[PDB]
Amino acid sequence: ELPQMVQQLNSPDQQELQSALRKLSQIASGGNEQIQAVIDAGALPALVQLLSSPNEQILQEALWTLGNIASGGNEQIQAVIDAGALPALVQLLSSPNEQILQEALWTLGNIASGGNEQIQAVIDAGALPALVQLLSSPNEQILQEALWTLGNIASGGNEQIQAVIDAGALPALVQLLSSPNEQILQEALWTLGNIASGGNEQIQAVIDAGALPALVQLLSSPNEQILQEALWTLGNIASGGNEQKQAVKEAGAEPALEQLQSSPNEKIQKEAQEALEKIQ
């Protein structure tokens, strides 16, 4: 009954087309067996292609359906990605249309709560620089949604976190730690906390950005939700490096570095000597 709804995404009519989209849009809302049902009927290419509709009613509906398909299994996120949604999503990040801009951020956020494979895709697709740009928005709804999306990215592996750092996000995050808007403060603390829970390098970048005095100050907050997030972030700062040191020691590092003691490249040699000195 359902590849019928699909072919009608191609329909000359807009009551028909939007009957179809409205239908497919609610079905996508009902959990993973239903999402896959939409997927297998081949809905993704149609829905991606409507991302360029000049009709905002078609556009926001398609956008909303992709976001919902993106809110299921990693495997279902991967299908959105495979359909080529990312490049389009990234362009919509420039919409002067606040409501389209928010739907696309939300969609990206959802994709970015996937595995590190789908986070890397979002990163490869060029999304970090627009997200960071948006950290300056005077619209607190877009700002919140951007912080969130960045938060999920910063919840991947260390290279994911490092991309976020390398895209320039930290100075903004640290200024928002002074914000008198508790909702924004807390989403920026949340994202910053994710950064702080990578390894040595990631922790160092947070420290070099001047987060610590701002975090120490938040420990006077009568707001226990913000106090808890400042303390959790601080405890990551204080633990991450030694825990990484010990995990590389566990992963084979002494041996590896001894073998390189005698490297024939001299620069690699001194550096390997230097690094064994450190894992003492």
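Numbering starts at 1 and follows the sequence shown.
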Practice task
Would you mind comparing 72-80 and 155-163 for me and telling me which has the higher average C-alpha temperature factor in the entry?
Solution key: 72-80
Handout entry: Of 203-211 and 108-116, the one with larger mean CA B-factor
Key = 108-116
Practice task
Tell me, please, which of 54, 235, 42, 241 has the highest C-alpha B factor according to the deposited entry?
Solution key: 42
Exercise for the section: Could you say which of 59, 216, 253, 48 has its CA atom at the highest B factor, as listed in the PDB entry? Expected result: 253
Fill in the blank from the handout: Chain-relative C-alpha B factor for residue 220 (record values, thirds): the middle
Exercise for the section: Quick one: classify residue 65 as lowest, middle or highest third of the chain based on its Cα B-factor. Expected result: middle
Fill in the blank from the handout: By the entry's values, the third containing the CA B factor of residue 231 is the lowest
